[PDB]
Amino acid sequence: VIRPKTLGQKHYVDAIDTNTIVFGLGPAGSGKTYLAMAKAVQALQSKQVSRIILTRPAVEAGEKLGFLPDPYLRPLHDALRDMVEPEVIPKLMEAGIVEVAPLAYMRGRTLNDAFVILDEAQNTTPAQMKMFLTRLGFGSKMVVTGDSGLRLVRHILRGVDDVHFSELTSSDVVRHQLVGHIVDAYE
């Protein structure tokens, strides 16, 4: 049911198959996070990896400082429901086969035999990103997705092989058409 529906979505998924680390950069709705998650589940289901780690930084665009350094994690739990049977999800969560966690919980780990997705990566620092990327173990895949910040790594890893940058655009944004019609109505 969950397939790429634009050229740029096909290219993106094709990059994930052929590269160990992929950056999916694009606007909300372009499949950058969603399609990565679907490949993660595909990978787990076909035993290419033994676990899936979904992560996000504790900072959110245009939100006020909330804590002293879970709502932000809810969309990650929610999108799993389209890809895994909802009753199996708590089983996976308990065994830690699927892990949904803040970026801070990655520190000092080596992530082997895993599909790791760092989402909303625009909200990261270069130092936090270095920490994430260097968690990479053997037999794993990383997808870093987001919508200076990670313009530094885009530049810094421009020549590195087995890394890929996919730029999705407004043209890759496939929504139910009522969303557009409603948004226009508000404008």
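All residue numbers refer to positions in the sequence shown, first residue = 1.
- Missing deposited residues between residue 147 and residue 148: 10 or more, all without coordinates in the entry.
- Where residue 69 is followed by residue 70 in the displayed chain, the model omits 4 to 9 of the deposited residues that sit between the two.
- Look at the C-alpha B-factors of 137-145 and of 44-52. On average they run higher in 44-52.
- Comparing 26-34 with 148-156, the stretch with the higher mean C-alpha B-factor in the PDB entry is 148-156.
- Within the listed group 114, 117, 88, 98, the record reports its top CA B-factor for 88.
- Ranked within its chain, residue 130 lands in the middle third, by CA B factor from the PDB record.
- Residue 180 sits in the middle third of its chain by CA B factor, as recorded in the PDB entry.
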